[PDB]
Each structure stands twice: as C-alpha cells, then as structure tokens.
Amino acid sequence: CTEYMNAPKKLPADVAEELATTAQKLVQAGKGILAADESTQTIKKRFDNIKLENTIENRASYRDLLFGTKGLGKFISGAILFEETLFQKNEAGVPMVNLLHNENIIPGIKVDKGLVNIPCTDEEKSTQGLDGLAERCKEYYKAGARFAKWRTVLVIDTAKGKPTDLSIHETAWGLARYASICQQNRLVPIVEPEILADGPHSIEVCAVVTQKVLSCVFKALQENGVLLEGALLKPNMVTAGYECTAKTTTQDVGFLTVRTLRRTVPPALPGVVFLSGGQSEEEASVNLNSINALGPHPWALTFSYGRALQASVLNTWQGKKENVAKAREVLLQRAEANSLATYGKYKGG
C-alpha cells in the first residue's frame, strides 16, 4: 500500500530495462567508447594542427572517415557525437548515424553546454546545461542517440585546498541532476567528474582526492534517484601530477586506480569508461591494460577515448581524401590495442 515517501521514486519498468541493456551493451566484453564529440571550436584546434581549414565539408568527411571504418564495431560499442554530427549526412547522402548503425555501434550525444566559474572560488568550474535538457534529450533520442555525456572539471591544488567543498558538490549535484534527466528521457548518462592531472601532486594525493570526489558524486546520484544499473562512470585514472612527483610507473597507476574504484563505486554500476586526459595514445593503452591485468573486476573497466584514438588518425590523414582507407587502418590498430587492454592481454613488444 504506502511507499516510504521520503525517497526518490523508481523509473518505470520499461525505461529502466532499456537503460540497463544499453549500459551493458556500451561496456560489452572487449569493447569501449569512441569520443568524437568535439565542438566546432575544439575541432578547429586539431584540424588546424595539421592544416586545411575547419569547414562543414571537412568535419563531415572526417567523421565519415571514423564511423565509416569496416570492423570498428568489433572493438567499439558506442560513439559520442556532437549535436551537429548527430543530424549530419556524408558527402554521399547517408546519415552519419546510419554508418554507426551499419557497424552496429550505439550513437551517443554530448549534452553539456561547457564550463563557467563558480563565484567565491578561485576559478573552480561549474558545468552548464540543465536548462531545457529534458527537451533536448527527447530530440536526441528521436535522432538515434541512446546515451549521453556531461563533463565536469575539478582541479587538484593542495596548497589552495582544491578541489574545495563547493566545487565538489556543485559538480556532484550537477552530474546527479543531469543523469536523472537523461534516464527519465531514455538516455544512459555517462557521469564524468574529471579531476585534472595538472599540478605537482603525488599519486597518493590524487587517490585521496578522487576517492573523496567519487564518494560525493555517488551520494548525489542516490539523492537524485539515479539508477546505477543504467548509468556509466567516466573518471580520471589515478595518476601523479603532470608537473611530476617521482614520475610513477604503470604498475602504480593500475593499483591506485583499481583501489579507489573498489572503495567508492558500487557493483550495480555496469562499468567504468576511463578518460585518457593528456596521456599518449600508447600510455592510455598501457595504463588501461595495467588496470585490467589486476584480475577480473566487479564492473567492466573499459575506455572512452577521443585524442587517444584519433591523434595518429588525424596526423596520418592530413585532409586529403586518398588516405581514408589508410587512415582507418591506424584507427583499427588503436581500437584493437585498447580492446586487448580491456582483457589485460595487450603487451607491446
């Protein structure tokens, strides 16, 4: 008869079930996510890193290059798209989404509207996007998108008490509100509280901060009634700071990352999809491999890489359309490299 009222109420069976199946498919054994959700601005920085200007024709051709790759769906379960790309066609008539449906890859969509400063903090970041989010999700689901992405940024600066409480909770609560809005509108939310590697902090300090942040994130999720079974976490790997602290090894990066997750992420969460940050394409693969070499986990420990999958793909494409067959060969190589890291079976040489 009477429910315990002071508790978030359940997702209707139908959507809860769909969210859970999408989430499981997204972390299928041997697969991960391709981050191709670069906005017009963030594409202009990478395109013009290898020359040839940032037009709608070049962007469409580049996303065609990525999503048109045969066999990529064996290593990639989902592709995070920017709004433009989601409704876009190739120079050939076909929806970009259909080429993901061809290769049997799930389309996703970035839904955050970027970062703004939290007042009364030293430039700590709040993520925008809740305004009209529900309505955008309905439109994105119709367009084919089955999962979402929302990025928030925290900073480790121990001297200045960063990340601060205000920063941690603005981030935690923002993600929780986003994630519940997606699930209501039939999209699996990728919850991304990226702690930046910037600074000279040790790996132990990063472990402490990441644990504190994640504990607080999951608390907000529960608060807001988010179904963990139909959600994914996209955290930073636990590493020493860029400015260094006895330049640690992959053995450590793997242990302190697995430990942190085991103390903070409940097993109802189907999987964690790691973000590469500033790591090299190779170290992103070596570190993911070190994480999975530490035995079979309660969740799928896989990847959501952008730069780590695309860097040498761009630099071996250079715009010219003769390289598409050749550029996709570099993509597949990296996709398989990270697929093997999922299994803990990626060595090197």
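Start at 1 with the first residue shown and count on from there.
Participant: Going by the B-factors listed in the PDB entry, is the mean over the C-alpha atoms higher for 178-186 or for 248-256?
Facilitator: That would be 248-256.
Participant: Going by the average Cα B-factor in the PDB entry, point out whether 211-219 or 238-246 comes out higher.
Facilitator: Comparing 211-219 with 238-246, the higher average CA B-factor belongs to 238-246.
Participant: Ordered by C-alpha B-factor within the chain, which third holds residue 325? Give me lowest, middle or highest, please.
Facilitator: Highest third.
Participant: Taking the values exactly as deposited, rank residue 72 by C-alpha B-factor within its chain and report the matching third: lowest, middle or highest.
Facilitator: For residue 72, the deposited C-alpha B-factor lands in the highest third.
Participant: Among the modelled residues of this chain, does the Cα B factor of residue 147 put it in the lowest, middle or highest third?
Facilitator: Within its chain, residue 147 is a lowest-third residue by C-alpha B-factor, going by the deposited values.
Participant: Using only modelled residues of the chain, where does the Cα B factor of residue 139 rank: lowest third, middle third or highest third?
Facilitator: For residue 139, the deposited C-alpha B-factor lands in the middle third.
Participant: Ranking the modelled residues of this chain by C-alpha B-factor as given in the entry, is residue 78 in the lowest, middle or highest third?
Facilitator: For residue 78, the deposited C-alpha B-factor lands in the highest third.
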